Amino acid sequence: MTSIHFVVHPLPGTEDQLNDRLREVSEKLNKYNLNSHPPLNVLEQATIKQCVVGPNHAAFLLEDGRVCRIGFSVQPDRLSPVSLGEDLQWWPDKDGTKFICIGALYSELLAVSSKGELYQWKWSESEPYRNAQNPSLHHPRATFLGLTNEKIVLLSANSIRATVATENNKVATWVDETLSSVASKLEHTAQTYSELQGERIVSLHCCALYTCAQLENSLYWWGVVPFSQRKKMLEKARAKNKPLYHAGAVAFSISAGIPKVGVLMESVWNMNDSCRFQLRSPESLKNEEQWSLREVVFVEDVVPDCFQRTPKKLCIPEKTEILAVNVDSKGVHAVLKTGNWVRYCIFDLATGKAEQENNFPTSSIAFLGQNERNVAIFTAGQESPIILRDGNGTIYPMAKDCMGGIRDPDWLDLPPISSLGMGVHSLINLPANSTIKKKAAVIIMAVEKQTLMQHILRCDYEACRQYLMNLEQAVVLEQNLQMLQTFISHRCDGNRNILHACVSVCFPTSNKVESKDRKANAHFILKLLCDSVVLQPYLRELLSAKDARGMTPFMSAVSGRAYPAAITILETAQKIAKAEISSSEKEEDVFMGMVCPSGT
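What counts and what doesn't
Residues numbered from 1 in each chain as written, not as in the entry; some residues may be left out. Part of a larger assembly, values for the part shown. Heavy atoms only, no water. Helix = DSSP H or I, 4+ residues; strand = E, 2+ residues; numbered from the N terminus. Polar contact = N/O pair within 3.5 Å; in protein donor to acceptor, adjacent residues only side chain to side chain. Contact = heavy atoms within 4.5 Å. Pairing = 2+ DSSP bridges. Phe/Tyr/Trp six-rings, centres within 6.5 Å; stacked < 30°, edge-to-face > 60°. Buried < 20%, exposed > 50% of the residue type's maximum accessible area, 1.4 Å probe, protein only. Axes fitted to C-alpha atoms, helices over the stretch in contact; angles between N-to-C directions.

The name that the PDB entry assigns to the protein chain is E3 ubiquitin-protein ligase UBR5, with the source organism given as Homo sapiens. As deposited in the PDB, this entry carries the title "Structure of the human UBR5 HECT-type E3 ubiquitin ligase in a dimeric form".

Set out below in structure tokens:
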């Protein structure tokens, strides 16, 4: 059980704006507590496994192998802001094909079945693709790709590019149908590479230009080289000789979130200066706009070769494991760990080495969390900012200080996020003379429904008391030990348990639902959690747990100027430590563990 939320972020902007939007959705979830949307209600009841945001639609892949699609639009003057369609259309399932991964394209969603089969939809079609000449034929390009005789296991896609890996370590990459002009130089059919051989492909990620593959201990990149290396190579070629490009040049670009293929009328003489292109409509294949040369690419008739076809490895340190990788315009971003010390690295394709390396201000143990497999990175690829997901499943804020480092994160109080999706979407039907930003990024959120912790963050005494009363009745019934364990291990952003949530919501706001009423209710909730019989065996575990800053609930109360809360936690700790029966354990040892644990 989860809840679905929508946010939209103007693409040209700073990470602080993304953090502000996340704060806004968190406040809407907590401060306001509005009603849910009926159209997505059914989708909420099942466990989402993946999400992809198309240009105008959205697609969700569930655990039960039943995909759905829903459209969306954005109101421009209000910049939930996203307006959704009246109804959602599902995927017709016959003979229980089921699905494993899904992807997004300008040809809309893309699907992979259990046995391995490349299904897809499109904006122009309201029905899954079928072939009259062959009932078993779908995605005719797959016949070109050769994946019709393979079991597809890994799939990734973005605005234009799509990459597939099967059981036989065969990588098949292609572009959208709009890029068929350059498809000769940007596609490779199913094939196995010696570099990829010897290991199983753990993951693979795509982008508007290139594609990365994460192996057991290595990372590989293949595809179009970025503009900086292009210009370095062009300058080297020019110096070797001692009109960069002639007129009538066919090229394509993915600027403004739309892959457009045009022809260059004027020979390029200034590399930074934007130049005009004449659009080539697909109907004419079967309109003059000045595009910047910063993000374009041209198909070459035959100067050293620009496109890099053979994947190359990017250096990672010794005896280091990779937890999550994703790829954007700036390069490939990853999170790495060796021993117990975790870093966030940005790899430029220029050097192939650690272009940027940053240490998290919080503890590495808190970042690793209960499960190390939930770490993930989200980036659309072109302009969207990075969204991080730590071990506990919550979202780790990412802001840069006045130096080369990560700012001390400010917590969103957002519960763990089951599925995060993001999509480039360029606003249309708007005046061109307006100075407002054109494109944006649509972010869809699947937040877990943690009952008690959301109640605590709401400063809702009544719901918390009812929850605890029904919980004690269930404990008397001896049928909800699982529920007790579940609500004990529940965590919020920063490795914060329910006690940390009570302390954090007990903090003073300003010098002398009302804020004073909110603080009072927080105090009542803290007292209830401390004195209630049910969490007696677990309170020592909760009071001894550490925040992301290595801070127990008492430590947080002292640090956050929640002094009455600190006194309450101190007396509760004394009571629990005295009441606990000594089994080769001391009084001062446990009391210090729950007040100021060793190693701080």
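If you trace the backbone, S426 turns up in strand β29 (residues 417-426). At 2.9 Å, the side chain of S426 forms a polar contact with the backbone oxygen of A256. Once you skip the residues sitting within four places of it in the chain, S426 turns out to touch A256, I258, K438 and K439.

With that settled, the discussion passes to the environment of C206. Mapped onto the elements of the fold, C206 is located in the loop between β13 (203-205) and β14 (210-214). In sequence terms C206 and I160 are 46 residues apart; their C-alpha atoms lie 9.3 Å from each other. Apart from residues no more than four positions distant in its own chain, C206 is found in contact with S156, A157, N158, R161, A162, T211 and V327.

Across a sheet, paired strands are connected by hydrogen bonds in the backbone, their directions being either parallel or antiparallel. With respect to topology, five strands assemble into an open sheet ordered β19-β18-β17-β16-β20, the strand pairing being antiparallel. Two strands bound the open sheet, and with one partner strand each, they are β19 (288-291) and β20 (297-298). Pairing analysis gives three bridges linking strand β17 (residues 260-264) to strand β18 (residues 275-279), with the strands arranged antiparallel. Within β18, the residue paired with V263 across the bridge is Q278.

Inspection of every chain in the model, using the stated rule, returns 13 aromatic pairs. Consider the rings of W91 and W121, whose centres lie 5.5 Å apart with planes at 20°: the pair is stacked. Pair noted here: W91 is in the loop between β6 (89-90) and β7 (99-103) and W121 is in the loop between β9 (118-120) and α3 (140-145), with a separation of 30 residues, a long-range link. Look at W121 and you get buried, because its relative accessible area is 4%. With centroids separated by 5.6 Å and ring planes inclined at 10°, the aromatic side chains of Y461 and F524 adopt a geometry described as stacked. Given a relative accessible area of 27%, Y461 falls into the partly exposed group. Overall, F524 belongs to the partly exposed group, its relative accessible area being 43%.

Another point: the sheet that holds strand β12 (residues 171-174). Read across the open sheet, the three strands follow the order β10-β11-β12; overall the sheet is antiparallel. The open sheet has two free edges, formed respectively by β10 (152-157) and β12, since each of these has just one partner strand. Neighbouring strand axes in the sheet, compared pairwise and without regard to direction, differ in orientation by 15° on average.

The next point concerns the environment of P564. Relative to the assigned elements, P564 resides in helix α14 (residues 563-579). For the pair formed by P564 and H523, sequence separation is 41 residues and the distance between their alpha carbons is 8.3 Å.

Let's shift gears to the pairing of strand β16 (residues 249-253). Among the five residues in β16, four count as buried, and that is most of the element. Two successive antiparallel strands, β16 and β17, enclose a turn made up of six residues, where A256 displays a positive phi of approximately 60°. Bridge count between β16 and β20: two bridges; the pairing is antiparallel. Within β20, the position partnered with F252 by the bridge is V297.

Taken across its eight residues, helix α10 (residues 498-505) has seven buried, putting it largely inside the fold. Buried residues of α10: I498, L499, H500, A501, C502, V503 and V505, and no others. N-capping of α10 is provided by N497, with a side-chain oxygen placed 3.0 Å from the backbone N of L499.

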